[PDB]
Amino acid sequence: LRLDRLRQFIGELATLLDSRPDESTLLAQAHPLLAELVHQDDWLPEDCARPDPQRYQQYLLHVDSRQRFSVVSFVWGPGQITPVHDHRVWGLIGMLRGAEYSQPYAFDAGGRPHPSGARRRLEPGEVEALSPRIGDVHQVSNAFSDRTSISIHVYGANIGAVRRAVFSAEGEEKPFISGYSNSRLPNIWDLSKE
């Protein structure tokens, strides 16, 4: 495993964040950092790539000391899908293997959510951005019904601890905390094992 590439990404993102950019500058300059990471699929620990039959898995890879960001391996078993939901922090999503569909939503005056633009297909190597400022609400699904798809997510917080919400088609808001699938993180720092 090329865990040095993951270490490099974490270091460089933290370096960008050290210059205290606004969200727009951050998303713009971190976009190529993550695309470079997901351009080649040779680093993700198999532990953090494992699908589950009932639900997709969320494997935490790294959290910044000051929680300025977290890096999560998002794993879709065949045909799995999220409900419509928000994030409340900035996010960058890089596709690793397989593919996923992403449909942005927006609310009318009465609460009800509607698709607010074209559904997007994210191919391996591609990166998309989200945040409360530029659009925070979407529904995501595995683009395939016959395979496992994986995307790497970077959020502007410890996303598993962020209190957010899911929305029904009728617009019912329900409190949501995603948590994480792994009770143990991969050790990506023991260089003497490389």
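The first residue of the shown sequence is 1; numbering continues from there.
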{"query": "Stretch with the higher entry mean CA B-factor, where the candidates are 173-181 and 19-27", "finding": "173-181"}
{"query": "149-157 versus 46-54 - greater average Cα B-factor per the deposited record", "finding": "46-54"}
{"query": "From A99, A118, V89, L92, residue of greatest CA B-factor", "finding": "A118"}
{"query": "Top residue by Cα temperature factor, when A143, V162, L130, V63 are compared in the entry", "finding": "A143"}
{"query": "Third of the chain's Cα B-factor distribution that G77 belongs to, per the entry", "finding": "middle"}
{"query": "Relative C-alpha B-factor of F69, binned into the chain's lowest, middle or highest third", "finding": "lowest"}
{"query": "Ranked against its chain, the third holding the CA B-factor of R2", "finding": "middle"}
{"query": "Chain third (lowest, middle, highest) by recorded CA B-factor, residue given as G111", "finding": "highest"}
{"query": "Assigned third (lowest, middle, highest) for the C-alpha B factor of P124", "finding": "lowest"}
